[PDB]
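**Q** Contents of final-v5.csv (CSV, C-alpha atoms) are given next:
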```
chain,number,residue,atom,x,y,z
A,1,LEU,CA,-6.8,-20.4,-4.0
A,2,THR,CA,-3.2,-19.2,-4.5
A,3,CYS,CA,-1.7,-16.6,-2.2
A,4,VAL,CA,1.6,-14.8,-2.0
A,5,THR,CA,3.7,-16.2,0.9
A,6,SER,CA,6.9,-14.2,0.5
A,7,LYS,CA,8.3,-11.3,-1.5
A,8,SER,CA,11.6,-9.7,-2.4
A,9,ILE,CA,12.8,-7.3,-5.1
A,10,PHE,CA,13.5,-10.5,-7.1
A,11,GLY,CA,10.0,-11.8,-7.2
A,12,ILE,CA,7.2,-13.5,-5.2
A,13,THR,CA,6.6,-17.0,-3.9
A,14,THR,CA,3.1,-18.4,-3.8
A,15,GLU,CA,1.2,-21.3,-2.2
A,16,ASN,CA,-1.9,-23.1,-3.2
A,17,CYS,CA,-3.8,-22.8,0.2
A,18,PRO,CA,-4.8,-25.7,2.6
A,19,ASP,CA,-8.4,-26.9,2.2
A,20,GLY,CA,-10.7,-24.6,4.2
A,21,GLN,CA,-8.3,-21.5,3.8
A,22,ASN,CA,-10.0,-19.4,1.2
A,23,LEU,CA,-8.5,-16.0,2.0
A,24,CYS,CA,-5.1,-14.5,1.4
A,25,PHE,CA,-3.6,-12.0,3.9
A,26,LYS,CA,-0.9,-9.3,4.0
A,27,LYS,CA,0.2,-8.1,7.4
A,28,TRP,CA,2.4,-5.1,8.3
A,29,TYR,CA,4.1,-4.8,11.6
A,30,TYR,CA,5.4,-1.3,12.3
A,31,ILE,CA,8.9,-1.2,13.7
A,32,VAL,CA,10.3,2.4,13.0
A,33,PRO,CA,9.0,5.2,10.7
A,34,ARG,CA,11.0,4.0,7.7
A,35,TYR,CA,10.6,0.2,8.2
A,36,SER,CA,7.7,-2.3,8.6
A,37,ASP,CA,7.9,-6.1,8.6
A,38,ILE,CA,5.5,-7.6,6.2
A,39,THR,CA,4.2,-11.1,5.9
A,40,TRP,CA,1.9,-12.7,3.4
A,41,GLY,CA,0.0,-16.0,3.5
A,42,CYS,CA,-3.2,-18.0,3.3
A,43,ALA,CA,-5.8,-17.9,6.0
A,44,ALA,CA,-9.2,-19.3,7.0
A,45,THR,CA,-10.4,-16.2,8.8
A,46,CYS,CA,-9.0,-12.7,8.5
A,47,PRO,CA,-6.2,-12.3,11.1
A,48,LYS,CA,-7.0,-9.7,13.8
A,49,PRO,CA,-4.4,-7.2,14.7
A,50,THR,CA,-3.4,-8.1,18.3
A,51,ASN,CA,-1.0,-5.2,18.5
A,52,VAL,CA,-1.3,-1.5,17.7
A,53,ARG,CA,1.8,-1.9,15.4
A,54,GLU,CA,-0.3,-4.3,13.2
A,55,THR,CA,-2.3,-3.6,10.0
A,56,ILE,CA,-3.9,-6.5,8.1
A,57,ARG,CA,-5.7,-6.7,4.9
A,58,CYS,CA,-7.5,-9.8,3.3
A,59,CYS,CA,-8.9,-10.8,0.0
A,60,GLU,CA,-10.4,-13.8,-1.9
A,61,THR,CA,-8.7,-14.0,-5.3
A,62,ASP,CA,-5.4,-15.5,-6.6
A,63,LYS,CA,-2.3,-13.5,-5.6
A,64,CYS,CA,-4.5,-10.7,-4.5
A,65,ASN,CA,-2.4,-10.1,-1.4
A,66,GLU,CA,0.7,-8.9,-3.1
```
Taking this structure as input, can you express it in the form of structure tokens?
**A**
Amino acid sequence: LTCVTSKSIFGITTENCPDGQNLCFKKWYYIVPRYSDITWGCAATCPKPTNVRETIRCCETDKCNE
């Protein structure tokens, strides 16, 4: 399984995930109305928002987390 792990206006980077990590994630962390930090990666289980600023989505196919 191949996930996005970083993105810019110039393109994406991807990784082929560790064995046993069969989900891709995208995670938004809200900082101010105009701006949110966003991270992307492989995961074993769908990360749980531990903060109210956090929004996560997960999926199971190649590069699905863009």
**Q** Find the residues near residue 66 of chain A: any atom within 10 Å, counting all atoms listed in the file, skip ones fewer than 6 places away on the same chain, and give them as a tab-separated table (two decimals) with C-alpha atoms, in the frame of the given file.
**A**
```tsv
chain	number	residue	atom	x	y	z
A	3	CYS	CA	-1.70	-16.60	-2.20
A	4	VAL	CA	1.60	-14.80	-2.00
A	5	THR	CA	3.70	-16.20	0.90
A	6	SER	CA	6.90	-14.20	0.50
A	7	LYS	CA	8.30	-11.30	-1.50
A	12	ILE	CA	7.20	-13.50	-5.20
A	14	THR	CA	3.10	-18.40	-3.80
A	24	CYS	CA	-5.10	-14.50	1.40
A	25	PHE	CA	-3.60	-12.00	3.90
A	26	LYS	CA	-0.90	-9.30	4.00
A	39	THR	CA	4.20	-11.10	5.90
A	40	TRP	CA	1.90	-12.70	3.40
A	41	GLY	CA	0.00	-16.00	3.50
```
**Q** Skipping near chain neighbours, those fewer than 4 positions away, what residues fall within 12 Å of residue 33 of chain A using only C-alpha atoms, listed as a PDB file with C-alpha atoms, in the coordinates of the input?
**A**
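So out23.pdb came out as:
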```pdb
ATOM      1  CA  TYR A  29       4.100  -4.800  11.600  1.00  0.00           C
ATOM      2  CA  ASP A  37       7.900  -6.100   8.600  1.00  0.00           C
ATOM      3  CA  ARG A  53       1.800  -1.900  15.400  1.00  0.00           C
TER       4      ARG A  53
END
```
**Q** Once you add 4 Å to each side, what are the centre and edge lengths of the axis-aligned box holding all listed atoms of segment 43-61 of chain A? One decimal in Å, as JSON, if you can.
**A**
```
{"center_x": -4.3, "center_y": -10.4, "center_z": 6.6, "size_x": 20.2, "size_y": 25.8, "size_z": 31.8}
```
**Q** Take atom CA of residue 19 of chain A and atom CA of residue 61 of chain A and report the distance between them in Å, one decimal.
**A** 14.9 Å
**Q** Pick out the residues sitting within 6 Å of residue 21 of chain A, and hand them over as a count of residues only; count all atoms listed in the file, and ignore anything fewer than 3 positions along from it in its own chain.
**A** 4
**Q** I want to know what sits within 6 Å of residue 23 of chain A, based on all atoms listed in the file, with residues of the same chain fewer than 6 positions away left out; could you give that as number ranges by chain?
**A** A: 42-43, 59-60
**Q** Could you take the residues named above and write them with C-alpha atoms, as an mmCIF file, in the frame of the given file?
**A**
```cif
data_model
loop_
_atom_site.group_PDB
_atom_site.id
_atom_site.type_symbol
_atom_site.label_atom_id
_atom_site.label_comp_id
_atom_site.auth_asym_id
_atom_site.auth_seq_id
_atom_site.Cartn_x
_atom_site.Cartn_y
_atom_site.Cartn_z
ATOM 1 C CA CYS A 42 -3.200 -18.000 3.300
ATOM 2 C CA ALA A 43 -5.800 -17.900 6.000
ATOM 3 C CA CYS A 59 -8.900 -10.800 0.000
ATOM 4 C CA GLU A 60 -10.400 -13.800 -1.900
#
```
